[PDB]
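Below: input.pdb (PDB, C-alpha atoms and all ligand atoms)
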```pdb
MODEL        1
ATOM      1  CA  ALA A   1       0.000   0.000   0.000  1.00  0.00           C
ATOM      2  CA  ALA A   2       2.764   2.431   0.990  1.00  0.00           C
ATOM      3  CA  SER A   3       4.328   2.275  -2.468  1.00  0.00           C
ATOM      4  CA  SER A   4       1.299   4.204  -3.791  1.00  0.00           C
ATOM      5  CA  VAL A   5       1.489   6.963  -1.198  1.00  0.00           C
ATOM      6  CA  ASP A   6       3.509   9.656  -2.921  1.00  0.00           C
ATOM      7  CA  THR A   7       5.391  10.916   0.142  1.00  0.00           C
ATOM      8  CA  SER A   8       6.261   7.538   1.656  1.00  0.00           C
ATOM      9  CA  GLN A   9       9.768   6.192   2.192  1.00  0.00           C
ATOM     10  CA  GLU A  10       8.800   3.193   0.066  1.00  0.00           C
ATOM     11  CA  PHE A  11       7.746   5.381  -2.858  1.00  0.00           C
ATOM     12  CA  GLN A  12      10.986   7.336  -2.573  1.00  0.00           C
ATOM     13  CA  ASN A  13      13.046   4.128  -2.504  1.00  0.00           C
ATOM     14  CA  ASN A  14      11.343   2.981  -5.706  1.00  0.00           C
ATOM     15  CA  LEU A  15      11.984   6.399  -7.250  1.00  0.00           C
ATOM     16  CA  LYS A  16      15.685   6.187  -6.356  1.00  0.00           C
ATOM     17  CA  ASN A  17      15.955   2.694  -7.855  1.00  0.00           C
ATOM     18  CA  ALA A  18      14.284   3.863 -11.059  1.00  0.00           C
ATOM     19  CA  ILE A  19      16.242   7.072 -11.695  1.00  0.00           C
ATOM     20  CA  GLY A  20      19.581   6.322 -10.029  1.00  0.00           C
ATOM     21  CA  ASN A  21      21.308   8.392  -7.368  1.00  0.00           C
ATOM     22  CA  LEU A  22      19.940  11.710  -8.629  1.00  0.00           C
ATOM     23  CA  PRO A  23      18.804  14.266  -6.074  1.00  0.00           C
ATOM     24  CA  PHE A  24      15.084  14.747  -5.717  1.00  0.00           C
ATOM     25  CA  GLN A  25      12.660  16.790  -3.688  1.00  0.00           C
ATOM     26  CA  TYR A  26       8.898  16.803  -3.267  1.00  0.00           C
ATOM     27  CA  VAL A  27       7.353  20.089  -4.285  1.00  0.00           C
ATOM     28  CA  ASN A  28       3.841  21.017  -5.395  1.00  0.00           C
ATOM     29  CA  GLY A  29       2.720  17.386  -5.401  1.00  0.00           C
ATOM     30  CA  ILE A  30       5.524  16.087  -7.629  1.00  0.00           C
ATOM     31  CA  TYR A  31       9.219  15.174  -7.421  1.00  0.00           C
ATOM     32  CA  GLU A  32      11.660  17.615  -8.942  1.00  0.00           C
ATOM     33  CA  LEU A  33      14.710  15.611 -10.051  1.00  0.00           C
ATOM     34  CA  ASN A  34      18.313  16.755 -10.389  1.00  0.00           C
ATOM     35  CA  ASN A  35      17.430  20.365  -9.537  1.00  0.00           C
ATOM     36  CA  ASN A  36      15.103  20.388 -12.550  1.00  0.00           C
ATOM     37  CA  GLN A  37      17.999  19.843 -14.986  1.00  0.00           C
ATOM     38  CA  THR A  38      17.896  17.301 -17.807  1.00  0.00           C
ATOM     39  CA  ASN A  39      20.614  16.335 -20.262  1.00  0.00           C
ATOM     40  CA  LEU A  40      18.276  16.509 -23.254  1.00  0.00           C
ATOM     41  CA  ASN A  41      19.841  18.171 -26.275  1.00  0.00           C
ATOM     42  CA  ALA A  42      17.410  20.538 -28.017  1.00  0.00           C
ATOM     43  CA  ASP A  43      20.151  22.100 -30.138  1.00  0.00           C
ATOM     44  CA  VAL A  44      19.921  19.538 -32.923  1.00  0.00           C
ATOM     45  CA  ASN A  45      19.016  20.237 -36.543  1.00  0.00           C
ATOM     46  CA  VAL A  46      16.556  17.377 -36.852  1.00  0.00           C
ATOM     47  CA  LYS A  47      12.996  17.086 -38.118  1.00  0.00           C
ATOM     48  CA  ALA A  48      10.260  17.089 -35.469  1.00  0.00           C
ATOM     49  CA  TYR A  49       9.306  13.544 -34.440  1.00  0.00           C
ATOM     50  CA  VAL A  50       7.793  11.225 -31.857  1.00  0.00           C
ATOM     51  CA  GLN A  51       9.145   7.797 -31.009  1.00  0.00           C
ATOM     52  CA  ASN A  52       7.264   5.436 -28.695  1.00  0.00           C
ATOM     53  CA  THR A  53       8.894   2.232 -27.460  1.00  0.00           C
ATOM     54  CA  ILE A  54       8.095  -0.848 -25.398  1.00  0.00           C
ATOM     55  CA  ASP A  55      10.190  -2.957 -23.024  1.00  0.00           C
ATOM     56  CA  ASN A  56      10.788  -6.723 -22.953  1.00  0.00           C
ATOM     57  CA  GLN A  57       7.568  -7.244 -21.017  1.00  0.00           C
ATOM     58  CA  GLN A  58       5.689  -5.372 -23.764  1.00  0.00           C
ATOM     59  CA  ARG A  59       5.018  -2.386 -21.485  1.00  0.00           C
ATOM     60  CA  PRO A  60       5.147   1.222 -22.716  1.00  0.00           C
ATOM     61  CA  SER A  61       8.668   2.471 -22.150  1.00  0.00           C
ATOM     62  CA  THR A  62      10.877   5.467 -22.993  1.00  0.00           C
ATOM     63  CA  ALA A  63       9.200   7.912 -25.372  1.00  0.00           C
ATOM     64  CA  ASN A  64      11.092  10.686 -27.114  1.00  0.00           C
ATOM     65  CA  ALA A  65      10.144  13.687 -29.208  1.00  0.00           C
ATOM     66  CA  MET A  66      11.380  16.844 -30.813  1.00  0.00           C
ATOM     67  CA  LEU A  67       8.417  19.158 -30.746  1.00  0.00           C
ATOM     68  CA  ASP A  68       7.647  22.236 -32.796  1.00  0.00           C
ATOM     69  CA  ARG A  69       4.736  23.866 -34.603  1.00  0.00           C
ATOM     70  CA  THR A  70       4.990  21.464 -37.548  1.00  0.00           C
ATOM     71  CA  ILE A  71       3.567  18.576 -35.489  1.00  0.00           C
ATOM     72  CA  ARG A  72       1.489  20.545 -32.981  1.00  0.00           C
ATOM     73  CA  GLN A  73      -2.189  19.591 -33.155  1.00  0.00           C
ATOM     74  CA  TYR A  74      -4.695  22.340 -32.319  1.00  0.00           C
ATOM     75  CA  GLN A  75      -7.704  20.481 -33.702  1.00  0.00           C
ATOM     76  CA  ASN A  76      -9.838  17.745 -32.257  1.00  0.00           C
ATOM     77  CA  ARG A  77      -9.597  14.188 -33.544  1.00  0.00           C
ATOM     78  CA  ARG A  78     -11.762  13.791 -36.650  1.00  0.00           C
ATOM     79  CA  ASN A  79     -12.626  -0.690 -26.240  1.00  0.00           C
ATOM     80  CA  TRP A  80      -8.854  -1.055 -25.857  1.00  0.00           C
ATOM     81  CA  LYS A  81      -7.475  -0.628 -22.338  1.00  0.00           C
ATOM     82  CA  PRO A  82      -3.859  -0.249 -21.177  1.00  0.00           C
ATOM     83  CA  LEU A  83      -1.998  -2.750 -19.004  1.00  0.00           C
ATOM     84  CA  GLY A  84      -3.281  -3.021 -15.427  1.00  0.00           C
ATOM     85  CA  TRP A  85      -6.605  -1.302 -16.148  1.00  0.00           C
ATOM     86  CA  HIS A  86      -9.147  -1.786 -13.378  1.00  0.00           C
ATOM     87  CA  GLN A  87     -11.557   1.095 -13.109  1.00  0.00           C
ATOM     88  CA  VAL A  88     -13.135   1.991  -9.744  1.00  0.00           C
ATOM     89  CA  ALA A  89     -15.678   4.681  -8.807  1.00  0.00           C
ATOM     90  CA  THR A  90     -13.872   6.746  -6.150  1.00  0.00           C
ATOM     91  CA  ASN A  91     -14.974   8.785  -3.133  1.00  0.00           C
ATOM     92  CA  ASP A  92     -13.292  11.921  -4.393  1.00  0.00           C
ATOM     93  CA  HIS A  93     -14.022  14.802  -6.749  1.00  0.00           C
ATOM     94  CA  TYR A  94     -12.682  12.908  -9.796  1.00  0.00           C
ATOM     95  CA  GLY A  95     -15.460  10.337  -9.552  1.00  0.00           C
ATOM     96  CA  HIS A  96     -13.334   7.631 -11.179  1.00  0.00           C
ATOM     97  CA  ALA A  97      -9.890   6.259 -10.352  1.00  0.00           C
ATOM     98  CA  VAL A  98      -7.977   5.978 -13.639  1.00  0.00           C
ATOM     99  CA  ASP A  99      -7.599   7.549 -17.088  1.00  0.00           C
ATOM    100  CA  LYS A 100      -5.965   6.374 -20.273  1.00  0.00           C
ATOM    101  CA  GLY A 101      -2.709   8.220 -19.764  1.00  0.00           C
ATOM    102  CA  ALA A 102      -0.774   9.232 -22.879  1.00  0.00           C
ATOM    103  CA  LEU A 103       3.006   9.405 -22.627  1.00  0.00           C
ATOM    104  CA  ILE A 104       3.135  11.908 -25.488  1.00  0.00           C
ATOM    105  CA  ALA A 105       0.040  14.145 -25.616  1.00  0.00           C
ATOM    106  CA  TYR A 106      -2.204  14.354 -28.661  1.00  0.00           C
ATOM    107  CA  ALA A 107      -2.012  18.148 -28.697  1.00  0.00           C
ATOM    108  CA  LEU A 108       1.790  18.041 -28.783  1.00  0.00           C
ATOM    109  CA  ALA A 109       2.414  15.561 -31.575  1.00  0.00           C
ATOM    110  CA  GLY A 110      -0.921  14.702 -33.161  1.00  0.00           C
ATOM    111  CA  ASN A 111       0.131  16.181 -36.510  1.00  0.00           C
ATOM    112  CA  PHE A 112       3.252  13.995 -36.840  1.00  0.00           C
ATOM    113  CA  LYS A 113       2.895  12.052 -40.087  1.00  0.00           C
ATOM    114  CA  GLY A 114       2.309   8.318 -39.717  1.00  0.00           C
ATOM    115  CA  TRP A 115       2.069   8.280 -35.934  1.00  0.00           C
ATOM    116  CA  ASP A 116      -0.733   6.577 -34.042  1.00  0.00           C
ATOM    117  CA  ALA A 117      -2.062   9.566 -32.093  1.00  0.00           C
ATOM    118  CA  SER A 118      -5.102   7.627 -30.865  1.00  0.00           C
ATOM    119  CA  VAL A 119      -6.151   6.718 -27.333  1.00  0.00           C
ATOM    120  CA  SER A 120      -5.338   3.101 -28.124  1.00  0.00           C
ATOM    121  CA  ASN A 121      -1.716   3.342 -29.249  1.00  0.00           C
ATOM    122  CA  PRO A 122      -0.427   0.477 -27.071  1.00  0.00           C
ATOM    123  CA  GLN A 123       3.079   1.936 -26.875  1.00  0.00           C
ATOM    124  CA  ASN A 124       1.840   5.385 -25.794  1.00  0.00           C
ATOM    125  CA  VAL A 125      -0.835   4.716 -23.159  1.00  0.00           C
ATOM    126  CA  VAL A 126      -0.669   3.577 -19.539  1.00  0.00           C
ATOM    127  CA  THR A 127      -3.104   3.230 -16.661  1.00  0.00           C
ATOM    128  CA  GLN A 128      -2.740   6.595 -14.947  1.00  0.00           C
ATOM    129  CA  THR A 129      -4.486   7.973 -11.893  1.00  0.00           C
ATOM    130  CA  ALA A 130      -7.102  10.622 -12.672  1.00  0.00           C
ATOM    131  CA  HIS A 131      -5.285  13.030 -10.364  1.00  0.00           C
ATOM    132  CA  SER A 132      -1.852  12.584 -11.885  1.00  0.00           C
ATOM    133  CA  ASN A 133      -3.222  12.692 -15.440  1.00  0.00           C
ATOM    134  CA  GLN A 134      -5.542  15.675 -15.053  1.00  0.00           C
ATOM    135  CA  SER A 135      -4.105  18.145 -12.600  1.00  0.00           C
ATOM    136  CA  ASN A 136      -3.153  21.327 -14.407  1.00  0.00           C
ATOM    137  CA  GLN A 137      -2.478  23.507 -11.350  1.00  0.00           C
ATOM    138  CA  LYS A 138       0.859  25.023 -10.327  1.00  0.00           C
ATOM    139  CA  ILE A 139       0.075  24.390  -6.655  1.00  0.00           C
ATOM    140  CA  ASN A 140      -0.675  20.649  -6.952  1.00  0.00           C
ATOM    141  CA  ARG A 141       0.779  19.467 -10.217  1.00  0.00           C
ATOM    142  CA  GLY A 142      -0.079  16.604 -12.524  1.00  0.00           C
ATOM    143  CA  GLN A 143       1.221  15.603 -15.923  1.00  0.00           C
ATOM    144  CA  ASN A 144      -1.255  18.049 -17.516  1.00  0.00           C
ATOM    145  CA  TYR A 145       0.572  20.940 -15.818  1.00  0.00           C
ATOM    146  CA  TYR A 146       3.874  19.989 -17.445  1.00  0.00           C
ATOM    147  CA  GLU A 147       2.211  19.334 -20.776  1.00  0.00           C
ATOM    148  CA  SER A 148       0.787  22.850 -20.557  1.00  0.00           C
ATOM    149  CA  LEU A 149       4.287  24.267 -20.076  1.00  0.00           C
ATOM    150  CA  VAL A 150       5.469  22.424 -23.180  1.00  0.00           C
ATOM    151  CA  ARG A 151       2.393  23.351 -25.207  1.00  0.00           C
ATOM    152  CA  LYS A 152       2.743  27.023 -24.316  1.00  0.00           C
ATOM    153  CA  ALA A 153       6.432  26.941 -25.283  1.00  0.00           C
ATOM    154  CA  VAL A 154       5.710  25.356 -28.660  1.00  0.00           C
ATOM    155  CA  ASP A 155       2.963  27.952 -29.157  1.00  0.00           C
ATOM    156  CA  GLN A 156       5.613  30.647 -28.655  1.00  0.00           C
ATOM    157  CA  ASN A 157       7.551  29.081 -31.553  1.00  0.00           C
ATOM    158  CA  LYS A 158      10.034  27.198 -29.383  1.00  0.00           C
ATOM    159  CA  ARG A 159      11.652  23.872 -30.285  1.00  0.00           C
ATOM    160  CA  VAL A 160      11.243  21.479 -27.370  1.00  0.00           C
ATOM    161  CA  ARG A 161      13.171  18.240 -26.906  1.00  0.00           C
ATOM    162  CA  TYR A 162      10.952  15.987 -24.752  1.00  0.00           C
ATOM    163  CA  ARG A 163      11.333  12.599 -23.066  1.00  0.00           C
ATOM    164  CA  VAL A 164       8.640  10.729 -21.144  1.00  0.00           C
ATOM    165  CA  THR A 165       9.468   7.502 -19.329  1.00  0.00           C
ATOM    166  CA  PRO A 166       7.057   5.383 -17.293  1.00  0.00           C
ATOM    167  CA  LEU A 167       8.891   4.262 -14.135  1.00  0.00           C
ATOM    168  CA  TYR A 168       8.220   0.651 -13.047  1.00  0.00           C
ATOM    169  CA  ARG A 169       9.248  -0.814  -9.667  1.00  0.00           C
ATOM    170  CA  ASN A 170      10.463  -3.990 -11.309  1.00  0.00           C
ATOM    171  CA  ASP A 171      10.416  -5.928 -14.551  1.00  0.00           C
ATOM    172  CA  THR A 172       6.900  -7.334 -14.164  1.00  0.00           C
ATOM    173  CA  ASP A 173       4.552  -4.635 -12.771  1.00  0.00           C
ATOM    174  CA  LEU A 174       1.779  -3.784 -15.196  1.00  0.00           C
ATOM    175  CA  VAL A 175       1.390  -0.163 -14.058  1.00  0.00           C
ATOM    176  CA  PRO A 176       4.138   2.450 -13.636  1.00  0.00           C
ATOM    177  CA  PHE A 177       4.451   4.020 -10.181  1.00  0.00           C
ATOM    178  CA  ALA A 178       5.443   7.378 -11.686  1.00  0.00           C
ATOM    179  CA  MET A 179       5.835   9.221 -14.956  1.00  0.00           C
ATOM    180  CA  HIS A 180       9.258  10.754 -15.633  1.00  0.00           C
ATOM    181  CA  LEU A 181       8.965  13.946 -17.733  1.00  0.00           C
ATOM    182  CA  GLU A 182      11.974  15.819 -19.149  1.00  0.00           C
ATOM    183  CA  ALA A 183      11.907  18.882 -21.410  1.00  0.00           C
ATOM    184  CA  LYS A 184      14.408  21.373 -22.825  1.00  0.00           C
ATOM    185  CA  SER A 185      13.869  24.175 -25.330  1.00  0.00           C
ATOM    186  CA  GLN A 186      16.516  25.099 -27.900  1.00  0.00           C
ATOM    187  CA  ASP A 187      16.774  28.588 -26.370  1.00  0.00           C
ATOM    188  CA  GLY A 188      17.087  27.148 -22.865  1.00  0.00           C
ATOM    189  CA  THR A 189      14.159  29.104 -21.420  1.00  0.00           C
ATOM    190  CA  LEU A 190      12.167  25.940 -20.773  1.00  0.00           C
ATOM    191  CA  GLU A 191      13.762  23.134 -18.798  1.00  0.00           C
ATOM    192  CA  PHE A 192      12.379  20.615 -16.345  1.00  0.00           C
ATOM    193  CA  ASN A 193      13.027  17.134 -14.973  1.00  0.00           C
ATOM    194  CA  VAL A 194      10.233  15.705 -12.841  1.00  0.00           C
ATOM    195  CA  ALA A 195       8.576  12.502 -11.699  1.00  0.00           C
ATOM    196  CA  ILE A 196       4.779  12.652 -11.453  1.00  0.00           C
ATOM    197  CA  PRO A 197       3.670  10.062  -8.900  1.00  0.00           C
ATOM    198  CA  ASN A 198       1.029   7.689 -10.287  1.00  0.00           C
ATOM    199  CA  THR A 199      -1.013   8.142  -7.152  1.00  0.00           C
ATOM    200  CA  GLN A 200      -4.297   9.576  -5.895  1.00  0.00           C
ATOM    201  CA  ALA A 201      -4.931  10.753  -2.321  1.00  0.00           C
ATOM    202  CA  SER A 202      -8.134   8.766  -1.795  1.00  0.00           C
ATOM    203  CA  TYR A 203      -6.839   5.298  -2.625  1.00  0.00           C
ATOM    204  CA  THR A 204      -3.897   2.959  -2.955  1.00  0.00           C
ATOM    205  CA  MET A 205      -2.920   0.882  -5.970  1.00  0.00           C
ATOM    206  CA  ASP A 206      -1.048  -2.402  -6.342  1.00  0.00           C
ATOM    207  CA  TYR A 207       1.203  -1.559  -9.298  1.00  0.00           C
ATOM    208  CA  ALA A 208       1.721  -5.237 -10.030  1.00  0.00           C
ATOM    209  CA  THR A 209      -1.913  -5.680 -11.134  1.00  0.00           C
ATOM    210  CA  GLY A 210      -3.473  -2.228 -11.156  1.00  0.00           C
ATOM    211  CA  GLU A 211      -5.918  -3.307  -8.412  1.00  0.00           C
ATOM    212  CA  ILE A 212      -7.165  -0.321  -6.444  1.00  0.00           C
ATOM    213  CA  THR A 213      -8.169  -0.257  -2.788  1.00  0.00           C
ATOM    214  CA  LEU A 214     -10.243   2.802  -1.833  1.00  0.00           C
ATOM    215  CA  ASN A 215      -9.387   4.479   1.476  1.00  0.00           C
TER     216      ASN A 215
HETATM  217 CL    CL B   1      13.479  27.463 -28.608  1.00  0.00          CL
HETATM  218 CL    CL B   2      -5.724  13.342  -5.438  1.00  0.00          CL
ENDMDL
END
```

If you convert what's in this file into structure tokens, what do you get?
Amino acid sequence: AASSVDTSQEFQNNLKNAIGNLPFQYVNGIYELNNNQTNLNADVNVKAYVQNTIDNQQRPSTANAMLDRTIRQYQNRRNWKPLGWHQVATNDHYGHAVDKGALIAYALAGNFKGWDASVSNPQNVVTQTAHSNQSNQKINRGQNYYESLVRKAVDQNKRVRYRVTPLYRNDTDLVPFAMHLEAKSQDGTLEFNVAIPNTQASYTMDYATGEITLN
């Protein structure tokens, strides 16, 4: 249970195992890693792209992108469930426990030629808590908050190198315990390195199976 409480020692141990001996601190509901510095190189003369990948257990793994206005998607799109999916009606304001969580957001890369930008791209979607997927607030941050930073940067004509990595406790868990987001703009004005805990205050999750126990 403790592994799905974002502030617990157990969670932090898993985080350390997944990212190495990088410094981290809890702030605004997330973990800032390595003083918010990433080694991503945005100063590369390469065409915008997205690359999704999977690991040896067929789980969504490291995703990379170079983002700019050529693949930005402002428009709307014109049964499948991710690994570990077990929906539960919660006792919190979200109403439900989990969302199909994209590694690389539709709005960011939906215009990239040939790419499966759908909600059922099996290399780009995980079981993600509603809280950690949806929260767009600076005070209590979710993945949406960081996606908004990247989106706003691209909308200001910035080139953003971006890397999103689901963090798993071990080789077999179906559901990641956190989402690692890294971003760097060519001009250096945008840079972050964070882990968004795959947690929700009103319940705990067994990351092995995705089974949720409401508080
Ligand atoms: Cl830039
Ligand atoms: Cl929450």

Quick check on the file I pasted: which residues fall under the PyMOL selection byres (((not hetatm)) within 8 of (chain B and resi 2))? Write them as a PyMOL selection string. chain A and resi 92+130-132+199-202

How big is the axis-aligned box around all listed atoms of range 31-45 of chain A once 5 Å goes on each side, and where's its centre, in Å to one decimal, as lines of an AutoDock Vina configuration file?
```
center_x = 14.9
center_y = 18.6
center_z = -22.0
size_x = 21.4
size_y = 16.9
size_z = 39.1
```

Distance filter 9 Å around ligand CL 1 (chain B), atoms: only C-alpha atoms and all ligand atoms, out as JSON, numbers by chain: {"A": [42, 43, 68, 153, 154, 156, 157, 158, 159, 160, 184, 185, 186, 187, 188, 189, 190]}

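Computed from the coordinates, the CA of residue 16 in chain A to CA of residue 214 in chain A distance equals 26.5 Å.
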
Translate the PyMOL selection byres (((chain A and resi 105) around 10) and not hetatm) into a concrete residue list for this structure, as an mmCIF file with C-alpha atoms, in the frame of the given file.
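Full text of part-v8.cif as output:
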```
data_model
loop_
_atom_site.group_PDB
_atom_site.id
_atom_site.type_symbol
_atom_site.label_atom_id
_atom_site.label_comp_id
_atom_site.auth_asym_id
_atom_site.auth_seq_id
_atom_site.Cartn_x
_atom_site.Cartn_y
_atom_site.Cartn_z
ATOM 1 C CA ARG A 72 1.489 20.545 -32.981
ATOM 2 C CA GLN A 73 -2.189 19.591 -33.155
ATOM 3 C CA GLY A 101 -2.709 8.220 -19.764
ATOM 4 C CA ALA A 102 -0.774 9.232 -22.879
ATOM 5 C CA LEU A 103 3.006 9.405 -22.627
ATOM 6 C CA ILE A 104 3.135 11.908 -25.488
ATOM 7 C CA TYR A 106 -2.204 14.354 -28.661
ATOM 8 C CA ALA A 107 -2.012 18.148 -28.697
ATOM 9 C CA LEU A 108 1.790 18.041 -28.783
ATOM 10 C CA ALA A 109 2.414 15.561 -31.575
ATOM 11 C CA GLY A 110 -0.921 14.702 -33.161
ATOM 12 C CA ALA A 117 -2.062 9.566 -32.093
ATOM 13 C CA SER A 118 -5.102 7.627 -30.865
ATOM 14 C CA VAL A 119 -6.151 6.718 -27.333
ATOM 15 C CA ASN A 124 1.840 5.385 -25.794
ATOM 16 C CA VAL A 125 -0.835 4.716 -23.159
ATOM 17 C CA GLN A 143 1.221 15.603 -15.923
ATOM 18 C CA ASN A 144 -1.255 18.049 -17.516
ATOM 19 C CA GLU A 147 2.211 19.334 -20.776
ATOM 20 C CA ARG A 151 2.393 23.351 -25.207
#
```

Report as a list in words the residues that result from applying the PyMOL selection byres (((chain A and resi 141) around 10) and not hetatm) to the structure here. residues 27, 28, 29, 30, 31, 131, 132, 133, 134, 135, 136, 137, 138, 139, 140, 142, 143, 144, 145, 146, 196 and 197 of chain A

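Closest approach to residue 164 in chain A among A:87, A:34, A:64, A:121: A:64, based on all atoms listed in the file.
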